[PDB]
DNA sequence: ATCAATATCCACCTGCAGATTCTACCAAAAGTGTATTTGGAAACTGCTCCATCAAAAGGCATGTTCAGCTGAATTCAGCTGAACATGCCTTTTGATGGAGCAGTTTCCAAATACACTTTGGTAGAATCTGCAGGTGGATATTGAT
DNA sequence: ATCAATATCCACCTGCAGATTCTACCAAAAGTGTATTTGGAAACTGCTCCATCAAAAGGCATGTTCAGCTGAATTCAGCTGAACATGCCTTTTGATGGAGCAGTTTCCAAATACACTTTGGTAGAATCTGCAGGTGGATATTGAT
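Chains as they are written, first to last, in the deposited numbering: chain B, 25 to 102; chain F, 19 to 102; chain H, 33 to 124; chain D, 30 to 125; chain G, 15 to 118; chain C, 11 to 118; chain A, 38 to 134; chain E, 37 to 135.
As structure tokens, this is what we get:
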């Protein structure tokens with residue numbers, strides 16, 4: 025499914041980032057990184073869910089999890 | 019006592035040179051030295067501001083090892099070997 | 033229930049800009065911001081109480097915690113508003 | 030007229046004997062080990078406290094400590110640490 | 015009258031006090047603390063709502079949306095340092111193109 | 011009362027389950043502290059201390075010294091992916107760095 | 038016929054996306070990726086729509102920041118083209134690797 | 037002959053040699069002085085437990101050595117062997133210290 | 001395809017500073033018996049949350065074409081590493097004077113802990129700000145005297 | 001630099017839809033008024049631990065030469081990555097429901113906090129004994145013919 029993050033979606037992210045010319049390898053590389061990121065966050069999100077004896081990962085879990093990772097997020101759980 | 023002025027020049031060219039060695043640096047530009055001192059200064063300032071804030075809050079006039087530690091911890095530079 | 037600082041964020045909005053309004057998502061962001069800061073300041077004040085072996089958190093701790101977390105000018109002005117509101121509260 | 034100063038020196042020295050009985054440990058390095066034990070303690074207990082909090086319980090149990098260890102400790106260290114944890118908990122509970 | 019009014023604020027000194035006892039920050043909470051704190055929170059909310067409201071003005075909208083809060087925060091050295099490790103959801107980035115990339 | 015053995019021994023550890031429990035009540039981590047908590051925690055702390063003292067003792071052995079000094083703890087921690095990730099933002103005072111020279115810098 | 042010289046639609050796009058705030062990754066593909074990754078950790082998991090939202094937001098913000106740091110690296114090496122060499126430097130320095 | 041090592045070699049000799057030790061690389065007094073001066077401009081008439089000065093020196097050297105590592109990586113990335121201010125600035129821009 | 005020139009080890013030595021272990025308070029667990037909460041354990045609701053179903057519509061996938069950007073190859077001025085001499089200034093050793101912690105007790109100024117007795121959270125409902133086009137406006141861009 | 005030919009955003013207005021914002025009700029808090037404990041302020045005084053000095057030594061820092069080689073600057077061209085029109089499909093999105101599932105209440109059995117009243121772990125002292133400087137030669141490792 026990580027192939028679903030398409031070439032032009034990564035391309036756009038790169039634009040908004042200030043990137044003018046994008047190597048061909050980047051795309052694959054990017055996905056690599058994106059995956060690690062998600063994994064990490066989701067491991068933590070899910071750990072929170074498990075500890076709450078719930079089967080639904082909630083917005084707040086994701087938030088707490090992202091906060092642990094040093095990536096605080098404003099707009100959801102708080 | 020005595021006036022303290024231009025002490026950051028006491029961090030010498032070879033001391034900065036050594037730090038650069040232990041860091042994996044083989045060839046060192048000439049400008050580096052000045053630049054380095056710039057950075058070093060900001061660093062210390064930040065840490066000491068916080069160290070001192072802790073001292074003040076404790077109504078003490080002695081900055082202690084533990085203050086420096088707490089202060090460094092705030093800065094995200096935890097340190098092992100002193101206050102704990 | 034589900035508490036919130038929406039009411040007060042909206043009050044302060046009226047004060048500074050009475051001509052202006054605020055979307056659901058941005059009020060969300062403001063709650064996040066108020067809770068974030070709250071935890072930072074209270075945490076730091078708690079560590080402060082702790083290092084000094086007192087069991088109580090006073091306006092003093094809150095203050096030096098603000099000194100520690102807030103950058104320069106924001107810190108000055110915030111300490112300002114703080115001690116001001118403390119005295120105006122104390123003078124009943 | 031004494032002024033105390035606790036420490037984990039005793040126990041770090043015990044565990045040293047266990048693993049390497051041939052080996053000793055300098056003042057500075059015992060210092061580093063106390064810093065390390067206190068650092069970790071604060072991380073695990075902090076995280077367990079946040080945990081108790083999000084879930085509106087007022088008590089921290091071996092359960093919180095556990096999932097806190099899962100959150101702070103990287104992979105293998107986490108596995109082995111949970112291992113020793115629950116082991117010592119049961120051996121304690123069986124009044125063992 | 016609310017402790018909030020006795021101190022001349024909008025933020026609930028009533029609530030912040032509870033939030034501090036119930037938070038496990040320490041055993042007891044002096045009665046000045048919730049006030050000094052609600053004071054600082056109110057100030058910060060003010061400063062940023064101010065800057066964001068201006069950002070809304072310049073964008074020709076009467077209502078504040080995240081993009082405005084992001085503009086407000088990144089365009090302000092001190093606020094930005096403060097929330098330097100925080101991401102506003104729906105905020106985008108500040109238009110900025112490195113010089114070297116602009117046509118000859 | 012009968013003869014009281016430490017909670018530390020009743021759980022089969024060296025770390026003071028007695029102390030850790032206090033340190034948890036007195037630390038304002040929460041209102042009450044279950045009695046399994048200080049044990050699970052003193053257990054994890056003891057494990058970590060073991061793992062690292064182990065790897066450091068080996069570093070001492072290879073350096074031909076019988077006694078552990080900080081340089082050894084640093085070698086032990088940085089040379090160990092998982093311990094290093096764990097204390098990745100921590101600096102051991104008196105530790106030095108791991109000998110490491112980027113390839114490109116070595117004579118032709 | 039007409040046809041902009043290579044590099045110009047680039048800058049057009051930079052200027053244009055920096056200016057907006059819409060999520061740049063099609064939503065469904067992402068939701069999918071998320072459920073798959075979650076799967077490999079705990080099974081039979083449900084997701085509040087907003088949890089998925091939070092993840093997508095955090096990710097895009099992450100990656101954009103990354104690309105900024107990468108660009109800085111590309112430029113530092115006297116180039117205009119970001120390469121994997123670059124991302125790897127950026128993360129090596131950040132602390133992530 | 038006379039004898040004289042070709043430029044770059046005493047470099048590597050020194051790298052290999054300092055990476056191998058742990059002694060503080062900044063003469064101690066100069067540093068103590070710098071510290072007292074910087075502290076001065078924040079609060080006046082301040083005393084310093086010798087160990088507070090020690091903690092600072094340790095944290096600083098550790099800091100700077102780490103910096104130089106990251107810098108070197110930058111120099112190399114730009115196809116050079118010489119670290120320049122351009123480099124330190126990149127390293128910190130990325131770390132977050134000056135974004 | 002060497003060996004002078006040294007620095008780098010590496011093993012052997014040996015006295016001292018630093019550890020390891022001993023000897024005795026006292027600060028602090030631990031054992032016991034009680035007084036509550038707190039954390040579950042079932043049994044039931046409103047809810048989100050996952051499933052389709054079924055199209056259109058963008059958005060993504062493709063193969064062509066080629067403009068320009070990265071890499072390489074060479075110059076070469078010149079910056080910085082290297083070696084030596086020169087004496088500065090940091091290190092070390094103690095030696096105090098005393099500012100300032102920190103112990104220890106008395107004593108207020110304050111916050112907990114009730115027992116009860118309006119704010120702020122929810123959930124509808126009437127405007128209304130922005131969304132979304134739709135053009136025509138210099139605008140920027142790129143080909144061509 | 002100008003002339004001219006496409007697309008390019010880009011304001012001015014103009015109509016609605018999904019949201020604000022405004023109001024009506026109310027439990028769930030916030031507020032009060034006491035009545036105490038008890039945390040932490042003050043004022044002694046013990047006494048570490050700091051700033052400061054003398055002082056003598058020799059390790060390093062410092063300044064100048066000398067040219068080795070690195071960085072920076074040009075010039076060149078292979079191919080890679082942008083650009084675009086042509087085709088195809090996978091995302092929206094939009095309700096429509098079914099249920100798997102978080103959220104609540106009411107009991108209790110579980111489990112911790114308390115409330116004063118036997119060593120374990122901390123603080124000097126007491127001996128030991130790794131290991132920091134000293135060397136002297138075995139091994140390099142470098143760099144000149």
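No residue lacks a Cβ here, since even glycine has one placed at the ideal position from N, Cα and C.
Are the C-beta of residue i and some C-beta of chain B separated by less than 8 Å?
| i | result |
| --- | --- |
| residue 115 (chain G) | yes |
| residue 96 (chain D) | yes |
| residue 29 (chain G) | no |
When you compare the CB of residue i with every CB in chain G, is at least one pair closer than 8 Å?
| i | result |
| --- | --- |
| residue 100 (chain H) | no |
| residue 120 (chain H) | yes |
| residue 80 (chain A) | no |
Should residue i be flagged as near chain E, meaning a C-beta pair shorter than 8 Å?
| i | result |
| --- | --- |
| residue 134 (chain A) | no |
| residue 20 (chain F) | no |
| residue 45 (chain C) | no |
| residue 98 (chain C) | no |
| residue 28 (chain F) | yes |
Report the partner residues of residue i according to the DSSP bridge assignment.
| i | result |
| --- | --- |
| residue 98 (chain F) | C:102 |
| residue 42 (chain C) | D:88 |
| residue 71 (chain B) | In DSSP, residue 71 (chain B) forms no bridge with anything. |
| residue 83 (chain A) | B:80 |
Would you say residue i faces chain H, with C-beta separation under 8 Å as the test?
| i | result |
| --- | --- |
| residue 92 (chain F) | yes |
| residue 24 (chain F) | no |
| residue 69 (chain F) | no |
Would you call the CB atoms of residue i and residue j closer than 8 Å?
| i | j | result |
| --- | --- | --- |
| residue 48 (chain B) | residue 102 (chain G) | no |
| residue 133 (chain E) | residue 39 (chain F) | no |
| residue 96 (chain G) | residue 106 (chain H) | yes |
| residue 47 (chain G) | residue 54 (chain H) | no |
| residue 83 (chain B) | residue 98 (chain A) | no |
| residue 34 (chain F) | residue 59 (chain F) | no |
| residue 32 (chain D) | residue 44 (chain C) | no |
| residue 62 (chain D) | residue 41 (chain D) | yes |
| residue 44 (chain D) | residue 92 (chain C) | no |
| residue 42 (chain F) | residue 105 (chain E) | yes |
| residue 84 (chain H) | residue 76 (chain F) | yes |
| residue 117 (chain H) | residue 22 (chain G) | yes |
| residue 131 (chain A) | residue 130 (chain E) | yes |
Are the C-beta atoms of residue i and some chain C residue less than 8 Å apart?
| i | result |
| --- | --- |
| residue 61 (chain F) | no |
| residue 89 (chain E) | no |
| residue 73 (chain E) | no |
| residue 58 (chain E) | yes |
| residue 102 (chain F) | no |
I'd like to know whether the C-beta of residue i is nearer than 8 Å to at least one C-beta of chain A.
| i | result |
| --- | --- |
| residue 44 (chain B) | yes |
| residue 83 (chain B) | yes |
| residue 113 (chain E) | yes |
| residue 68 (chain G) | no |
| residue 127 (chain E) | yes |
| residue 76 (chain B) | no |
Between residue i and chain F, is the shortest Cβ-Cβ distance under 8 Å, so that the two count as touching?
| i | result |
| --- | --- |
| residue 70 (chain E) | yes |
Beta-carbon of residue i versus every beta-carbon of chain D: anything under 8 Å?
| i | result |
| --- | --- |
| residue 88 (chain F) | no |
| residue 72 (chain F) | no |
Exercise. Using a beta-carbon distance cut-off of less than 7 Å, what residues from the segment 55-71 of chain D approach chain F?
Worked result: 57, 60, 61, 63, 64, 65, 67, 68
Problem set entry | Residues within the segment 45-56 of chain A neighbouring chain G, beta-carbon criterion of under 9 Å | 45, 47, 48, 51, 52, 54, 55, 56
For this session: Please list the residues of the segment 70-92 of chain C that have a C-beta atom closer than 9 Å to any C-beta atom in chain E, keeping them in chain order.
Result: 79, 80, 81, 84
For this session: Any chance you could list the alpha helix (DSSP H) runs of at least 4 consecutive residues sitting entirely within the segment 47-101 of chain E, in chain order?
Result: 64-76
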